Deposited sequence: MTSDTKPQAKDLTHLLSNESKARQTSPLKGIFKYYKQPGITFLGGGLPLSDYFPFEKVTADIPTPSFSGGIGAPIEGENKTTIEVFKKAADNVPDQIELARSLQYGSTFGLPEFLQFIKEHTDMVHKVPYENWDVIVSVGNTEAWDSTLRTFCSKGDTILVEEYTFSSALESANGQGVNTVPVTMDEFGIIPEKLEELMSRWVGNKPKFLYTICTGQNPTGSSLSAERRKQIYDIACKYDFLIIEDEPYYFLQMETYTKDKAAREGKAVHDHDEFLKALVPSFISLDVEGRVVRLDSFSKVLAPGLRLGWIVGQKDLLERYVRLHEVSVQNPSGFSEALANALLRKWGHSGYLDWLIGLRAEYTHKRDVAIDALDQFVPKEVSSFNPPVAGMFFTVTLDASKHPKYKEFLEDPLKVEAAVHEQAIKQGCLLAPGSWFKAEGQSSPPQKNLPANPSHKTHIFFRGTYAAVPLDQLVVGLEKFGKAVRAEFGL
């Protein structure tokens, strides 16, 4: 494959200045006979008070559903002993996985994650790599520290993850909002914004492009292509923060009958149905992907990875060395053991069960919106991916709109309070509104929304909450 473009000009001055420890240049002499190596700081693994760790995990192909009790034939016991000799093959024995080591990641874990990445995403340049993270939260903080200096500008979705904005605000990085419709970023308006751009270009575009938080939108293949062309034309990176990528679902249909027939029935059909990632389009190497186990296995793993071109990933590693250092050896050893026990085939089985479970929740959620929410003042886009749904309301139709000084946010607050009074809580959309100006600034409404999740609660309680939300909209809008 071709080499990626040289994008080291997009690194921050601070990232570029980062150095390896001066004790790197005695590492060669480590574990090399003839030399008694006394120049290091490693504690003795002999004292690590963990002889083995075990977990009980479910068994592919998860035929009883991924939520089935982990018992009987749906229970296998994985074991990571301290010594390599005591392990089945391809494990990270605790004497090494609980020892300081390469900030890039443990070799068995990285090998598995690299194969997964290439199998799904077919990275179309030669010099790509994967490094470990302790989750997309830390990966995001590190991304800002690698590509942004104080006063720099990034592009964000005009509604996005509040935590992502808070990280940007703490590093003094301007978050200029990119206009969305119910299907996400509008490529025409991003092209227009960049065609007129005054002063230093934004360093990158930050996108939760699958199951977007909070809109529940997913960028179509067609919008991803157009946004990619903009990033190549104006020379900025795309950061795809993709913890919800494997919460893609069957397309929603009003027709209940035509649902059981829709499910994917094998691995090659599953992999073909997945929306192309930005990394799959990234012939230039200007995409950095933040991947996580948090929504796939468990948030408490504190384990993810970063996909991108070797020379940009090398700067993240320098930062990792003097910040988070490395993920938990327990997390990385146990994830390695689970993924190798399942193998790629069982991990694919797991992702297919995840797809089936979320497809059903979304079906129940959207059936309930269609049923209970009054259509005269509302709309909804059924999500194709993610844990989130939204309800859009025409605030201008609230009977107190004039008394509220034509302020849509007073209508949002009144519907919020009414929802709580009816015994249901959604997240007001305005809470996710991104604000920012470039330095210097670029030359220079009535619809509100609420974010819900169908991932959290039992589906009987999801229907109870949404009927109550329907009542709250009816009471407030006088229908």
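- Item | Chain regions without C-alpha coordinates, deposited sequence numbering | No coordinates exist for the deposited residues in 1 to 5, 450 to 456, so these stretches are absent from the model.
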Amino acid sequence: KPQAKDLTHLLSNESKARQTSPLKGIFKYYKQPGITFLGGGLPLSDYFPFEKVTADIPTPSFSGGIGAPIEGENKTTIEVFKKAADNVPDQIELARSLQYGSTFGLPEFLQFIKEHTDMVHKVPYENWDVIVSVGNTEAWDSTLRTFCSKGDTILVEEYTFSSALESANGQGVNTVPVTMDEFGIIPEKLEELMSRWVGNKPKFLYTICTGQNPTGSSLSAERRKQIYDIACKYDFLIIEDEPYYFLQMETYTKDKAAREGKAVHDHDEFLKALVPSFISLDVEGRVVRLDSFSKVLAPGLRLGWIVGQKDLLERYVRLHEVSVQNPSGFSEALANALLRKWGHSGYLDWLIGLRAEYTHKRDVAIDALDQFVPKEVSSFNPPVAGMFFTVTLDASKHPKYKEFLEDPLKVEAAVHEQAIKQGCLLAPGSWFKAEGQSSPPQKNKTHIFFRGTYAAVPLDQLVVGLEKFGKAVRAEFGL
From here on, numbers count along this sequence of modelled residues.
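- Selected stretch [higher average CA B-factor]: 428 to 436 or 49 to 57: Higher mean C-alpha B-factor in the PDB entry: 49 to 57.
- Would you mind comparing 288 to 296 and 76 to 84 for me and telling me which has the higher average C-alpha temperature factor in the entry? Higher mean C-alpha B-factor in the PDB entry: 76 to 84.
- Item | Member of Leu110, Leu334, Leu351, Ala258 with the greatest C-alpha B factor (per the PDB record) | Checking the PDB record, the top C-alpha B-factor among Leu110, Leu334, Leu351, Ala258 is at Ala258.
- Task: Have a look at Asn174, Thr179, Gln371, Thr215 and flag the one whose Cα has the highest B-factor in the entry.
- Result: That would be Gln371, according to the entry.
- So where's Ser163 on the chain's Cα temperature factor ranking, which third? Its C-alpha B-factor belongs to the middle third of this chain's values.
- Task: Could you say whether, by C-alpha temperature factor, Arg223 belongs to the lowest, middle or highest third of its chain?
- Result: For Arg223, the deposited C-alpha B-factor lands in the lowest third.
- Message: Using only modelled residues of the chain, where does the Cα B factor of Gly386 rank: lowest third, middle third or highest third?
- Response: For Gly386, whose C-alpha B-factor we compare with every modelled residue in the chain, the answer is the lowest third.
- Query: In terms of the chain's CA B-factor thirds, is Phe404 lowest, middle or highest?
  - Reply: Within its chain, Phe404 is a middle-third residue by C-alpha B-factor, going by the deposited values.
- Task: Would you please rank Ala419 by its C-alpha temperature factor against the other modelled residues of its chain and give the third it falls in: lowest, middle or highest?
- Result: Middle third.
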